[PDB]
Amino acid sequence: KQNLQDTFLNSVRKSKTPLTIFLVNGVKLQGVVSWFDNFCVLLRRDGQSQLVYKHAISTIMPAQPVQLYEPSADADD
Amino acid sequence: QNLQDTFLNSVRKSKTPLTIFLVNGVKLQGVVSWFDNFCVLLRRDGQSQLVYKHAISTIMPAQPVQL
Amino acid sequence: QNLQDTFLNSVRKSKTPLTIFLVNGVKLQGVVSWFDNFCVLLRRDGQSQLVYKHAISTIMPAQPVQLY
Amino acid sequence: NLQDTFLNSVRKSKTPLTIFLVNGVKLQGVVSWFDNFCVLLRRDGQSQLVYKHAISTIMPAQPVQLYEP
Amino acid sequence: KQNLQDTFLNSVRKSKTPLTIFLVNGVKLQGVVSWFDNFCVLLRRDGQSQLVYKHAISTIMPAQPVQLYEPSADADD
Amino acid sequence: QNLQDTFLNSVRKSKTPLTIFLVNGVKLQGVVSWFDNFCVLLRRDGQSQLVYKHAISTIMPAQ
């Protein structure tokens, strides 16, 4: 159904998992994903939410393991 | 409507002061006065410059908004 | 016209002296004489220079431009 | 294609990889999932979404076997 | 007819104008454009030809003034 | 056909050694054994490496 990005982003948003965003320029932002579309992610931190462009993000690391139902390495996609 | 349009229209309609963080580590301050698919018009101290969305990494409003 | 087209066509038709700030911090000065989907022709006096917009951070006019 | 064959191969084989990013930092782990824009790198109990647009190279620790046209 | 990029590249190719291609990472390439497509430019320097990707190009500087037939500032393009 | 396809197929068919310059300054050497729309497969000394075109600045062949 959903791809890898939508599954990952919807999962960490529905579970409100604390995250760490590693921007390509080395800046690190923390918070939770409250909303995302095709080009950006809305990061909520305390009461302040900031828009982060996907094109500026390198990695998104959850603070705790998150259930993504990743495909098994025994069969194809 | 999506998140980016809602966010940008909100911070525009509300004259919200914000901080544009660029991918090169440069910070910009001002108010978004106009935006399209690829850029935004940031006004500060009466001077408005064209900022390209691929140069923007984050947009942080000084006062939060909602939707 | 959209924001980008209105801004670029106005500083072009008006020959507004500009300062293009690149993503690598390099500053370019001149006047836009032509632009398309990806590039911008920056000419300062007798010299031409094709500037790719993906390398542009911000464009700041030397004088405030009335865009309407 | 090449990218899909390579990524599927190192995924199904769970090959230990080293992902070099454009900003120079090095990532170690196994690719468990990938789409058109991102790659899911698993190391220990950690899962890290990595965007393809920020990757420079992907090199496997052990040699990979691919069938080319 | 042609847009700015196609006019610029075809002109410096047809006239074999010596160029200085500035990359985003600060390094400067010199030579003559012998061929180009939507994403790449083949720069020739002596008898060496190297593929230059447009996504790494910041500016392109011709060594001499080049005729481009730019639009007049008095009318709309 | 297109320049990039012609250039890449040429150095692949002839197995010409080349130097891949990345946008972060790193230099890679090897032979292109396979490529698609977004990546190339650079092989050197039996080790194959998936290189993303969007990270490449220039490709200079040795010959």
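Conventions used here
Residues numbered from 1 in each chain as written, not as in the entry; some residues may be left out. Chains lettered and ligands numbered in written order. Heavy atoms only, no water. Residues with missing side-chain atoms left out of burial classes, pairs and counts. Helix = DSSP H or I, 4+ residues; strand = E, 2+ residues; numbered from the N terminus. Rg over C-alpha atoms; globule rule 2.2 N^0.38 Å. Contact = heavy atoms within 4.5 Å. Buried < 20%, exposed > 50% of the residue type's maximum accessible area, 1.4 Å probe, protein only. Nonpolar A, V, L, I, M, F, W, Y, C, P; charged D, E, K, R; others polar. Pairing = 2+ DSSP bridges. Polar contact = N/O pair within 3.5 Å; in protein donor to acceptor, adjacent residues only side chain to side chain. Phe/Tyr/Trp six-rings, centres within 6.5 Å; stacked < 30°, edge-to-face > 60°. Salt bridge = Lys/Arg side-chain N within 4 Å of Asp/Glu carboxyl O.

Its PDB header names X-ray crystallography as the technique used to obtain the model and reports a resolution of 2.15 Å.

A.B. asks: Honestly, the overall build of chain B in this entry has me stumped. Any pointers?
C.D. replies: When you go through chain B residue by residue, the secondary structure sums to 1 helix and 5 strands. N-terminal to C-terminal, the α/β element order of chain B is α-β-β-β-β-β. Here the C-alpha atoms of chain B give a radius of gyration of 11 Å, agreeing with the 11 Å that 2.2 N^0.38 yields for 67 residues. Viewed in the frame of its principal axes, chain B has a C-alpha envelope of about 30 × 25 × 20 Å. Across chain B, the fraction of contacts at a sequence separation of at least 24, relative to all contacts at a separation of at least 6, is 40%.

A.B. asks: I'm lost on the side chain of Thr16 of chain B in this one. Help?
C.D. replies: Residues and elements named next belong to chain B. Assignment of secondary structure puts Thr16 in the loop between α1 (3-13) and β1 (18-22). Here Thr16 falls in the buried class, since its relative accessible area comes to 8%. Not counting the four nearest positions on each side in its chain, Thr16 is found in contact with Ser10, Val11, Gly30, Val31, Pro61 and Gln63.

A.B. asks: I'm lost on the interface of chain A and chain D in this one. Help?
C.D. replies: It is common to give the size of an interface as the accessible area that goes away when the parts come together. Contact with chain A, which involves 27 residues of that partner, is made by 24 residues of chain D. Of all elements in the fold, only α1 (4-14), β1 (19-23) and β5 (57-62) of chain A reach the threshold of two or more residues within the side of chain A that touches chain D. Top contributing element to the side of chain A that touches chain D by residue count: β5 of chain A, with 6 residues. A breakdown of the residues in the side of chain A that touches chain D according to their chemical character gives 15 nonpolar, 8 polar and 4 charged. Here β5 of chain A pairs with strand β4 (residues 46-51) of chain D via 2 bridges, running antiparallel. If you follow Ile60 of chain A over to β4 of chain D, its bridge partner there is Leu49 of chain D.

A.B. asks: How should I be thinking about α1 of chain A in this particular structure?
C.D. replies: For an α-helix, 3.6 residues make a turn, and residues three or four places apart therefore share a direction. Where α1 of chain A starts, the residue carrying a side-chain oxygen 3.0 Å from the main-chain nitrogen of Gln5 of chain A turns out to be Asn3 of chain A. Two residues or fewer after α1 of chain A comes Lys16 of chain A, characterised by a positive phi angle close to 55°.

A.B. asks: Explain the packing of aromatic side chains to me, please; I cannot follow it from the model alone.
C.D. replies: All names here are of chain D. Per the stated rule, a full pass over the model turns up 1 aromatic pair over all chains. Ring geometry for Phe37 and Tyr51: centres 5.8 Å apart, planes at 80°, overall edge-to-face. Of this pair, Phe37 sits in the loop between β2 (26-34) and β3 (38-43) while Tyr51 sits in strand β4; the two residues are 14 residues apart in sequence, bridging distant segments of the chain. Looking at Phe37, the relative accessible area reads 34%, which means it is partly exposed.

A.B. asks: When you look at the pattern of salt bridges in this model, what are you seeing that I'm missing?
C.D. replies: Side-chain pairs of opposite charge can arise where the charged atoms are in close proximity. Under the defined criterion, the tally for this structure stands at 6 salt bridges over all chains. As a salt-bridge pair, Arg12 of chain C and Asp76 of chain E come within 3.8 Å of each other at their nearest N and O atoms. Of this pair, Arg12 of chain C sits in helix α1 (residues 3-13) while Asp76 of chain E is found in the segment after β5 (57-62), placing the two residues in two different chains. Residue classification places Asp76 of chain E among the exposed positions, given a relative accessible area of 58%.

A.B. asks: Would you mind showing me how to read the pairing of strand β5 (residues 56-61) of chain F here?
C.D. replies: The two faces of the sheet receive side chains in turn, since in a regular strand these alternate between them. Counting buried positions over the 6 residues of β5 of chain F gives 5, a clear majority of the element. As paired elements, strand β4 (residues 48-53) of chain E and β5 of chain F share 2 bridges and run antiparallel to each other. Of the residues in β5 of chain F, the one forming a bridge with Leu51 of chain E is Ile59 of chain F. Where strand β1 (residues 18-22) of chain F lies against β5 of chain F, 5 bridges are found, and the strand directions are antiparallel. Each residue of the ladder has a partner; that of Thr19 of chain F, found in β5 of chain F, is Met60 of chain F.

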